[PDB]
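Heads up: the structure comes next, in structure tokens.
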Amino acid sequence: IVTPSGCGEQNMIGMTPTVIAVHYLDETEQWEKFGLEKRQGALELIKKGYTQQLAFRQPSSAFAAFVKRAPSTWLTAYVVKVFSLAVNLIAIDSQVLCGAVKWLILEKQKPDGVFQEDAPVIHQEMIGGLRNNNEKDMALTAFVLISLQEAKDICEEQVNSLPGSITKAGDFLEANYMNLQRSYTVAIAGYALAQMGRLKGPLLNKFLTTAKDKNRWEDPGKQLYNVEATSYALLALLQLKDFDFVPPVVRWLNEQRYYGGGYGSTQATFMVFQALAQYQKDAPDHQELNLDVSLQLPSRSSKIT
Amino acid sequence: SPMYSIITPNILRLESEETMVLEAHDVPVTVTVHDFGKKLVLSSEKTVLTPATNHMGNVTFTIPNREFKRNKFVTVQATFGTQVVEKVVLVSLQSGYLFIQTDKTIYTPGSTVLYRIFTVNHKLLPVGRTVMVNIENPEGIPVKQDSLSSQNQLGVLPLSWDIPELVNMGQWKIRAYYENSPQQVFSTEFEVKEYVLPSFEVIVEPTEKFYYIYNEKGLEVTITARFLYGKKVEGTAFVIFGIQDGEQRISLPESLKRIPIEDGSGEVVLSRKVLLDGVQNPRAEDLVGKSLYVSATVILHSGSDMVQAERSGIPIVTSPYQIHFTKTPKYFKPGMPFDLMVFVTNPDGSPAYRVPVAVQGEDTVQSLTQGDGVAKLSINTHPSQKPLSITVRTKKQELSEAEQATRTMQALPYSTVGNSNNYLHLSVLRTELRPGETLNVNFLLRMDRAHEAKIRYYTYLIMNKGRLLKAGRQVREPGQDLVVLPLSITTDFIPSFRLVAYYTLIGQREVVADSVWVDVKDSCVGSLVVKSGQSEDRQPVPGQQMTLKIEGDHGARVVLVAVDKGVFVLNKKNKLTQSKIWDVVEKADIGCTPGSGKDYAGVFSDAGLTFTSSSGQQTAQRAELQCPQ
Amino acid sequence: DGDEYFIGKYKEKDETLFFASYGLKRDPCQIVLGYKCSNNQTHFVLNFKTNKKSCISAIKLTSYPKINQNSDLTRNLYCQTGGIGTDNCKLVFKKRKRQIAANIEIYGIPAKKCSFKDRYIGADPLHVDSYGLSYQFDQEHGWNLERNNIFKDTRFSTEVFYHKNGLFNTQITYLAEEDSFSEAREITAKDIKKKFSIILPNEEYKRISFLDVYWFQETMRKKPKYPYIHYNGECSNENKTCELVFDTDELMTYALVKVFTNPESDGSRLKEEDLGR
Ligand SMILES: *[C@@H]1O[C@H](CO)[C@@H](O[C@@H]2O[C@H](CO)[C@@H](O[C@@H]3O[C@H](CO)[C@@H](O)[C@H](O)[C@@H]3O)[C@H](O)[C@H]2NC(C)=O)[C@H](O)[C@H]1NC(C)=O
Ligand SMILES: *[C@@H]1O[C@H](CO)[C@@H](O)[C@H](O)[C@H]1NC(C)=O
């Protein structure tokens, strides 16, 4: 339970639990324990937080920490993604979102093919353990690619240069897949890469072998990576519909059982709960069952099937 | 402009028609239904409020869809020209009933089974939907399943099955349910066992249902056997007794008797000594709570037949009565008198008749009971806010003082603000209400003693079958303390109804309310009569013809079946009767408490009703499906 | 073993609509799942109409015991009112004296986003057609011959109409060695009328040189009535957008056109005995 209140980033860290709760209680409907007879109050708080987020917009058609703060790629694109998830759920101006996406396309497109966001991150409470600026470029390039993919179903016709940019990014990063050390960012980048189907063969072998002990995708420090790390692969394997390493993913998820919320809970928690959502929707408690039996007797000219 | 209030049913059932009561306390209002994130829009309605009509909106609409596959909610909102009020409610799936009829009760291998299915909705009217039916063997694994639709048939489905020649024995089951909601099922049982049809019937009966442990005559039973076509019988009978405990039976070998049955009449007597010696319990008082049963066998003088009859469940008790508090409000009334309704029954559950009750604390405060075994009493209050305990004791005459039943009950106070403390209760003789009669709801009232000349009216609602049947409005002029509602009881009120009333007072904000539970006589609203249109000369002869006369309402369908009366001797369980229908429809209501909760939210939410106000003076919510326990 | 008859093509991701087994001497049928049939000395017909939102994909029938007769030179299964793509059609089967059983299955796919272009277009459109038989040409003129081992029919002279597995065919003109494949176009059942047309481009290096049409339809009796597929006006170099117009006597349920392109075509190419009235 984290009340959505404060500035843009605090409102964001308070409202992504709203979305994960929305999905998890669309599968369960346990809103009773979301405040002890406070579900309507919680929803009202969520709505006022969303209204405050809208009020913090800028003339540049972007949302930041404040009306005066310089807009950035990561925060604005994340807000766009969440609103896209909630276009049919809450009052979302689709034209505003598409205009923001097109401004993102027309402004922040470096000729080098590597995208960078303007405002540096100061606090590590939301990013995680990647404060060091060593391989952030590839992660942000993958994030921009994911933004383009999600805008592909929303702003398909307004910008027609999307296939060319995607092809250029894939060609540039095709030989750069062999120059990464940290495992969880490799996992999320591979999930994005396979979201359009570009992860197979030896690339998949290096993907799997990157994790420690072939199962745990841990990095030095930030133990909250655990219930996070394999989560990425699951969604990646959700793109490949591979449920052979997903069970080990599940086993390593259950080995921590950390409460979470707050420190570093801005992308891992949403990703793991959406992954659980599609895992339960596609794979219920039961498994596939389909049999055909045919028996033939020596005294009849037909067979019973 | 001051306030706007919405009254809604607690749970709304999909694919039906529901209502809201809107009370502005010359404005257009609109209501709308949205899903829970936001699934476009479901429905909306527009209405206007007229001062000449006291500003009452009886807004009705039909709730639809196929996406509705745990439990889920829905939001209802309403804008009254300028201000919006909204509330979230639950949606359920139970959307009708299913009744199953079979021609016979016990079958043999090689025969055929013929059955019928009736489909009805909440109001008990014909409907048409899709149903599925399974047949289950004794172990549990289904043998045959099928799916059917009952469109353009007015709601009767006949079917058939054919038992094989080489089949198992015992109990078989039929299970049917709607296609939309597989969570709820309806079931029926029948037997499979080879037999041969008997020729006469045997009846065993005692003289007293109970058994007082202090009698020197023991227990006496009588035996009556008769042929099927009406003539008397002769023969010999063997009788034995037993003792029944919770899943346990003990046979007393010393109690076995042979008696000659002449003209169908035999007498058997059991004494104290045999019963005491059969068990290892010299202390008689340890026997209370254990039952008796008797078994008999009758043989003819020609050595041709053999019939067995068993009666089980003769209780052993020391008090020939019993007291209950199933339908008494639990929260008392500070200042104003508190009314109790006792319930007295025979030990077998049959309601008693003409037995007086009283209270040990007071004197001469007594009454009798009508045919339903219910007595009405009243008691004054302290009126200190300390909870009070009351006791009830039977005061029947011509009986010893040591054989009177009694019990105790506790009450809790009511939490008002500012000491308004206004209630409702009908001061009429609680008798056998009948359709077509009249009722006089007497508002026994006690406002604030200081400035009680400000209240102008009250609001009242009638609840039946989990829906708002009617909403009224009765006014009064300042300086009065008693008003009457002459209600006219119609046929739609069957089998029971709940009246809820309230009023609003200017403080801060005051709202006061109460509720009452009333019951009416039970019988089908229509009428079907079957008799013999023949001249009724003499008894018929095999192969003859006769005339059968039917009377019923216009434009109906009548289905018939004739069964021999020798089958019922072998197995006489699981039949169809109107009492079963009323029991089934009554057992699935919403509000299970008699009424008069702890406060206004309590009384409104304990009768399956929801009240929302523009000032935020709302009620709590519920998200389960059945009341506790 | 038993003989088999097909309608349509099967795919590994289809769910069954229903599956049943029938005897072929009882009178009348056994009513299975509330459906209707009719059985005579030389006919077996069935009525089908699904309730869920789905479009049918394939039908298959198996008969026992084996009999000495091939199953590709004539027609034995055909449904009379509907077809493939429409949610219902009335199957008709013609028996013999020695067939005493049948097994029937139907497959379908979700109604909204169902299209059949991914199957009948094949994996190598330049070398194999939808039937499966590969093309083969004449080395001295470079014009394809006529496949001969399938049920073929003619209306008048200089016309051809093939049939196989419930799929018809009609080749507009003759094909050359150096043709190329441009694209394919499909027409679903919601855009089908008694008479309609279709627009194709002929801009520069997209010159149309070959068109072959595949379509399902219905037949009242065993003798079909092939529709008129003529070539509106003349598609020369000048008129860039060229139209194809249909003229049907019975209602179809699906169509598919495989445009071929060749920049060298002058618009006219005909055999030395096809030409004079
Ligand atoms: C045994 O049953 C089959 C059908 O189950 C019979 O074939 C069908 O017979 C009907 C009745 O003659 C034919 O309908 C007729 O068609 C004409 C065509 O113009 C039309 O005027 C009418 O609709 C007329 O009823 C139908 O064409 C024919 N074939 C089908 C349905 O495919 C068969 O004749 C029966 N056997 C015998 C010996 O009658
Ligand atoms: C050919 O050009 C003429 C010019 O009038 C036009 O009418 C006709 O439709 C064109 N035919 C095709 C097949 O495009």
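Chain lettering (A, B, ...) mirrors the order of the structure tokens, residue numbering begins at 1 for each chain separately, and ligand numbering begins at 1 in order of display.
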Contact check, chain A to chain B, at most 7 Å, counting only C-alpha atoms, closest pairs as JSON lines:
```
{"residue": "A:28", "atom": "CA", "partner": "B:70", "partner_atom": "CA", "distance": 5.8}
{"residue": "A:29", "atom": "CA", "partner": "B:70", "partner_atom": "CA", "distance": 6.2}
{"residue": "A:88", "atom": "CA", "partner": "B:38", "partner_atom": "CA", "distance": 6.3}
{"residue": "A:89", "atom": "CA", "partner": "B:37", "partner_atom": "CA", "distance": 4.3}
{"residue": "A:90", "atom": "CA", "partner": "B:38", "partner_atom": "CA", "distance": 6.9}
```
Expected answer as a ChimeraX atom specification: chain B residues within 12 Å of chain C, only C-alpha atoms = /B:145-149
Residue subset to file, keeping N, CA and C atoms, as a tab-separated table (two decimals), in the first residue's frame:
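Once written, out.tsv looks like this:
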```
chain	number	residue	atom	x	y	z
B	145	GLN	N	-24.11	-37.43	-20.80
B	145	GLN	CA	-24.36	-36.01	-20.67
B	145	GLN	C	-24.94	-35.48	-21.97
B	146	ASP	N	-25.71	-34.40	-21.85
B	146	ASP	CA	-26.44	-33.87	-23.00
B	146	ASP	C	-26.70	-32.38	-22.78
B	147	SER	N	-26.91	-31.68	-23.89
B	147	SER	CA	-27.21	-30.25	-23.89
B	147	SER	C	-28.50	-30.01	-24.67
B	148	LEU	N	-29.33	-29.10	-24.18
B	148	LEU	CA	-30.63	-28.85	-24.78
B	148	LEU	C	-30.98	-27.38	-24.70
B	149	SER	N	-31.93	-26.98	-25.54
B	149	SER	CA	-32.50	-25.64	-25.52
B	149	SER	C	-34.01	-25.74	-25.43
```
Using only C-alpha atoms, what does the table of chain A residues within 12 Å of chain C look like, with each row giving the shortest atom pair and its distance in Å to one decimal, sorted by chain and ascending number, as a tab-separated table?
```
residue	atom	partner	partner_atom	distance
A:290	CA	C:15	CA	10.9
A:292	CA	C:19	CA	11.9
A:296	CA	C:1	CA	11.0
A:300	CA	C:65	CA	10.1
A:301	CA	C:65	CA	6.3
A:302	CA	C:64	CA	6.3
A:303	CA	C:64	CA	9.1
A:304	CA	C:21	CA	9.0
A:305	CA	C:21	CA	8.9
```
Write out as a PyMOL selection string the residues lying within 9 Å of segment 72-79 of chain A, counting only C-alpha atoms and excluding same-chain residues fewer than 3 positions away.
-> chain A and resi 9+12+62-65+69+82-84+100-101+104+108+115-120+140+143-144+147
Tell me, in Å to one decimal, how far atom CA of residue 408 of chain B is from atom CA of residue 368 of chain B.
-> 19.5 Å
Kindly provide, as JSON, numbers by chain, all nucleotide and amino acid residues lying within 6 Å of ligand 2, counting only C-alpha atoms and all ligand atoms.
-> {"C": [232, 233, 234, 235, 239, 241, 242, 243]}
Filtering to N, CA, C and O atoms, could you give me those residues as an mmCIF file, in the first residue's frame?
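Written output follows (out_37.cif):
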```
data_model
loop_
_atom_site.group_PDB
_atom_site.id
_atom_site.type_symbol
_atom_site.label_atom_id
_atom_site.label_comp_id
_atom_site.auth_asym_id
_atom_site.auth_seq_id
_atom_site.Cartn_x
_atom_site.Cartn_y
_atom_site.Cartn_z
ATOM 1 N N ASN C 232 -12.950 -6.429 -68.661
ATOM 2 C CA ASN C 232 -13.695 -5.238 -69.058
ATOM 3 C C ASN C 232 -12.855 -4.313 -69.928
ATOM 4 O O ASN C 232 -11.715 -3.983 -69.589
ATOM 5 N N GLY C 233 -13.437 -3.886 -71.046
ATOM 6 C CA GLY C 233 -12.726 -3.031 -71.981
ATOM 7 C C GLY C 233 -11.480 -3.709 -72.507
ATOM 8 O O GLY C 233 -11.484 -4.894 -72.859
ATOM 9 N N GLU C 234 -10.391 -2.946 -72.565
ATOM 10 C CA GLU C 234 -9.088 -3.476 -72.938
ATOM 11 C C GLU C 234 -8.033 -2.847 -72.043
ATOM 12 O O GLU C 234 -8.002 -1.624 -71.888
ATOM 13 N N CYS C 235 -7.172 -3.680 -71.463
ATOM 14 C CA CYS C 235 -6.114 -3.199 -70.573
ATOM 15 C C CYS C 235 -4.804 -3.089 -71.352
ATOM 16 O O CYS C 235 -3.934 -3.961 -71.321
ATOM 17 N N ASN C 239 -4.301 2.998 -70.214
ATOM 18 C CA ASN C 239 -5.164 3.030 -69.034
ATOM 19 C C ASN C 239 -4.454 2.340 -67.873
ATOM 20 O O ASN C 239 -4.280 1.117 -67.869
ATOM 21 N N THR C 241 -5.036 2.080 -64.425
ATOM 22 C CA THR C 241 -5.783 1.261 -63.479
ATOM 23 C C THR C 241 -6.737 0.361 -64.253
ATOM 24 O O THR C 241 -7.624 0.854 -64.957
ATOM 25 N N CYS C 242 -6.556 -0.951 -64.125
ATOM 26 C CA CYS C 242 -7.324 -1.914 -64.901
ATOM 27 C C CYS C 242 -8.276 -2.682 -63.996
ATOM 28 O O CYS C 242 -7.903 -3.109 -62.900
ATOM 29 N N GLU C 243 -9.510 -2.852 -64.459
ATOM 30 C CA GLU C 243 -10.563 -3.464 -63.665
ATOM 31 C C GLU C 243 -10.866 -4.865 -64.173
ATOM 32 O O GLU C 243 -10.757 -5.144 -65.372
#
```
Could you name the residues that touch residue 153 of chain C at 9 Å or less, counting only C-alpha atoms, but leaving out those on the same chain fewer than 4 positions away, as a count of residues only?
-> 5
Which chains and residue numbers are within 12 Å of ligand 1, counting only C-alpha atoms and all ligand atoms, if I want them as an mmCIF file with C-alpha atoms, in the first residue's frame?
```cif
data_model
loop_
_atom_site.group_PDB
_atom_site.id
_atom_site.type_symbol
_atom_site.label_atom_id
_atom_site.label_comp_id
_atom_site.auth_asym_id
_atom_site.auth_seq_id
_atom_site.Cartn_x
_atom_site.Cartn_y
_atom_site.Cartn_z
ATOM 1 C CA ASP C 27 -34.038 -45.278 -41.994
ATOM 2 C CA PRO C 28 -34.227 -42.560 -40.820
ATOM 3 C CA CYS C 29 -30.978 -41.250 -39.331
ATOM 4 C CA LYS C 36 -31.246 -32.911 -39.857
ATOM 5 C CA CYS C 37 -30.393 -35.369 -42.616
ATOM 6 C CA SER C 38 -32.014 -37.318 -45.414
ATOM 7 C CA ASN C 39 -31.127 -40.797 -46.665
ATOM 8 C CA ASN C 40 -32.237 -42.529 -49.863
ATOM 9 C CA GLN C 41 -31.046 -45.341 -52.109
ATOM 10 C CA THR C 42 -28.517 -43.058 -53.816
ATOM 11 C CA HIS C 43 -28.187 -39.910 -51.692
ATOM 12 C CA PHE C 44 -27.192 -38.783 -48.211
ATOM 13 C CA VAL C 45 -27.664 -35.115 -47.317
ATOM 14 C CA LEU C 46 -26.970 -33.243 -44.081
ATOM 15 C CA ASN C 47 -27.912 -29.789 -42.774
ATOM 16 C CA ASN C 76 -18.968 -37.113 -54.754
ATOM 17 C CA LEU C 77 -19.082 -34.549 -51.925
ATOM 18 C CA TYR C 78 -20.532 -31.102 -52.446
ATOM 19 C CA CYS C 79 -22.625 -28.762 -50.326
ATOM 20 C CA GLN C 80 -25.464 -26.854 -51.901
ATOM 21 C CA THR C 81 -26.200 -23.696 -49.848
ATOM 22 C CA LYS C 90 -25.812 -28.330 -46.666
ATOM 23 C CA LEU C 91 -23.631 -31.333 -47.490
ATOM 24 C CA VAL C 92 -24.589 -33.866 -50.180
ATOM 25 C CA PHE C 93 -22.910 -37.242 -50.749
ATOM 26 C CA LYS C 94 -23.618 -39.903 -53.387
ATOM 27 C CA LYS C 95 -23.319 -43.528 -52.285
ATOM 28 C CA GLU C 218 -22.360 -23.752 -54.732
ATOM 29 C CA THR C 219 -24.040 -26.094 -57.208
ATOM 30 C CA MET C 220 -27.752 -26.883 -57.361
ATOM 31 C CA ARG C 221 -27.162 -30.153 -59.244
ATOM 32 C CA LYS C 222 -24.123 -32.233 -60.172
ATOM 33 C CA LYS C 223 -23.710 -30.173 -63.359
#
```
What gap, in Å, lies between atom CA of residue 287 of chain A and atom CA of residue 198 of chain A?
->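 Going from atom CA of residue 287 of chain A over to atom CA of residue 198 of chain A, I get 27.9 Å.
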Can you work out the spacing between atom CA of residue 473 of chain B and atom CA of residue 511 of chain B in Å, to one decimal?
->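 These two atoms are separated by 15.9 Å.
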Out of segment 203-247 of chain C, which residues get strand (DSSP E) from DSSP, as a list in words?
->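 Taking segment 203-247 of chain C and keeping strand (DSSP E) only, one gets residues 208, 209, 210, 212, 213, 214, 215, 216, 217, 228, 229, 230, 241, 242, 243, 244, 245, 246 and 247 of chain C.
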Residues at most 8 Å from residue 222 of chain A, counting only C-alpha atoms, excluding those fewer than 2 positions away in the same chain, as JSON, numbers by chain?
-> {"A": [128, 129, 219, 220, 224, 225]}
Atoms to include: N, CA, C and O atoms. Write the selected residues as a CSV table (one decimal), in the first residue's frame.
```csv
chain,number,residue,atom,x,y,z
A,128,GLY,N,17.0,2.0,-9.7
A,128,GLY,CA,17.6,0.7,-9.3
A,128,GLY,C,19.1,0.8,-9.1
A,128,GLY,O,19.6,1.8,-8.6
A,129,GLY,N,19.8,-0.2,-9.5
A,129,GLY,CA,21.3,-0.3,-9.3
A,129,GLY,C,22.1,0.2,-10.5
A,129,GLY,O,23.3,0.0,-10.6
A,219,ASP,N,23.0,-9.8,-10.3
A,219,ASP,CA,24.1,-8.9,-10.5
A,219,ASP,C,24.6,-8.5,-9.1
A,219,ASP,O,23.8,-8.5,-8.1
A,220,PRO,N,25.9,-8.1,-9.0
A,220,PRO,CA,26.4,-7.6,-7.7
A,220,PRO,C,25.6,-6.5,-7.1
A,220,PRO,O,25.5,-5.4,-7.7
A,224,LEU,N,16.8,-7.0,-4.8
A,224,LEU,CA,15.5,-6.9,-5.4
A,224,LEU,C,15.6,-7.3,-6.9
A,224,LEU,O,14.5,-7.5,-7.5
A,225,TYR,N,16.8,-7.4,-7.5
A,225,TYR,CA,16.9,-8.0,-8.8
A,225,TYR,C,16.3,-9.4,-8.9
A,225,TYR,O,15.8,-9.8,-10.0
```
